[PDB]
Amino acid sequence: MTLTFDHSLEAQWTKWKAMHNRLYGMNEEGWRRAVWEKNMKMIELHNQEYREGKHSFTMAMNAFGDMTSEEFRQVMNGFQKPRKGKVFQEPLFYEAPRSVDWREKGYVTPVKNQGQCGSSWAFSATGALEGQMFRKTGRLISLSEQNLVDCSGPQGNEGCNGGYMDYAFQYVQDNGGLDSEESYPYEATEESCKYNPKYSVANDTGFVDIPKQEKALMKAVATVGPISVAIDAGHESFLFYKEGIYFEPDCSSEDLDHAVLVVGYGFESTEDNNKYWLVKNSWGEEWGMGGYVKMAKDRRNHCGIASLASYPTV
C-alpha cells in the first residue's frame, strides 16, 4: 500500500529516480520514497527557516535523497595517529591576502565524484598533489584516486572503507609515482593494484602537517596552494547543502568524517561574522555550489576544518 505519501511530489519523485538511475528491488520503492519525502520536508523546513533569517545557507535535494543513514555511513568514514610530516614553517614578516582562490590561477581540476565509496581521503590527496605539481611545473593533470584506493593499503589505507591523506602522500613517495586519472580511471570500488610507471605523472618528496589552528591554515592556503583537510560532514545540513556559508551548530571540531580540499578563503560581507573557507568537495557538481562549499572560517575551528590539515611536497 501507498505509505502516506505526498501526492503533489509524485512527478518530482518519478523524475528524481530517473535522473539518478534508481532501479529499486522488490518492495523497495515505497520505503525509499518515504526516505526521500522526509528529506524533502527537512530541506523545505530549513529553507523556510533561512527565509526567516535563522541560517546562513540553503539546502537542496540531490543524489543522496533516498539514502539511509546507514548507507550514508558507508560513504563517510571517520578520521583519527602520529603526526609524521615535516614541520610547517610559519611565513615570517608576512600578512596573507584578505581573499585567496587558487582556482583562478589554474591550480584546481574540475570537481569529481567519489560515488558510493568511502574514498574522499583519496580525492583530498589528489587535489593537493594536483595543486603542488602545478605550482612546480605549471602543468595541471588530474591524478588517479583509483590508484590510491587500490594500491595504498600497505601505507594504512582501507580503500572504500577509508584512509588518510598523509598515507596517500606516503604511498606516492614509496611508489615513486602516481598515474594520471586518464590512465587509471575511477571505479568507485576497491580493485587489485594496477599502477603502471609508464603512466606516472606525479611524485612527491613527503608531506607537511599544518598545526591545528585556523590562522596557520590560512597562512598555508595563502602561500602553498590547495590544502587537504578533514571535517565533520556527518549532518544532513551538509549532505544537502546548496549555497551560502555553511554553519552547523552541532558541528564538532573533532569527530571528523570527510576529507575535502581547501582552495581558498574570503569574506562574504566585511571583516568576524562572515568569513569563509572555499572548499572543493568530491560529491560532483550537482552538490553545493558547483561542487564547492563555503565553510565558516575563524569561528572556533568550525567542523574541525583546521584539525587535520596537510599537503605534499613535490
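One rule holds for the numbers: they count along the sequence shown, beginning at 1.
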- Per the record, how many residues of the deposited chain fall between residue 271 and residue 272 without being modelled: none, 1 to 3, 4 to 9, or 10 or more? 1 to 3
- Message: According to the entry, how many residues of the deposited sequence fall between residue 80 and residue 81 and are not modelled? Options: none, 1 to 3, 4 to 9, 10 or more.
- Response: 1 to 3
- Item | Average Cα temperature factor in the PDB entry - higher stretch of 174-182, 95-103 | 95-103
- Message: Averaging CA B factors per stretch from the PDB record, which one is higher: 70-78 or 221-229?
- Response: 70-78
- Peak C-alpha temperature factor (PDB record), options 50, 64, 246, 267: 267
- The largest CA temperature factor among 236, 130, 190, 166 is found at 190
- So, residue 17's CA B-factor, relative to its chain, sits in which third? The highest
- Message: Ranking the modelled residues of this chain by C-alpha B-factor as given in the entry, is residue 111 in the lowest, middle or highest third?
- Response: middle
- Message: Splitting the chain's C-alpha B-factors into thirds, which one does residue 260 fall into?
- Response: lowest
- Query: Compared with the other modelled residues in the chain, in which third is the CA B-factor of residue 31?
  - Reply: highest
- Query: Lowest, middle or highest third of the chain for the C-alpha temperature factor of residue 251?
  - Reply: highest
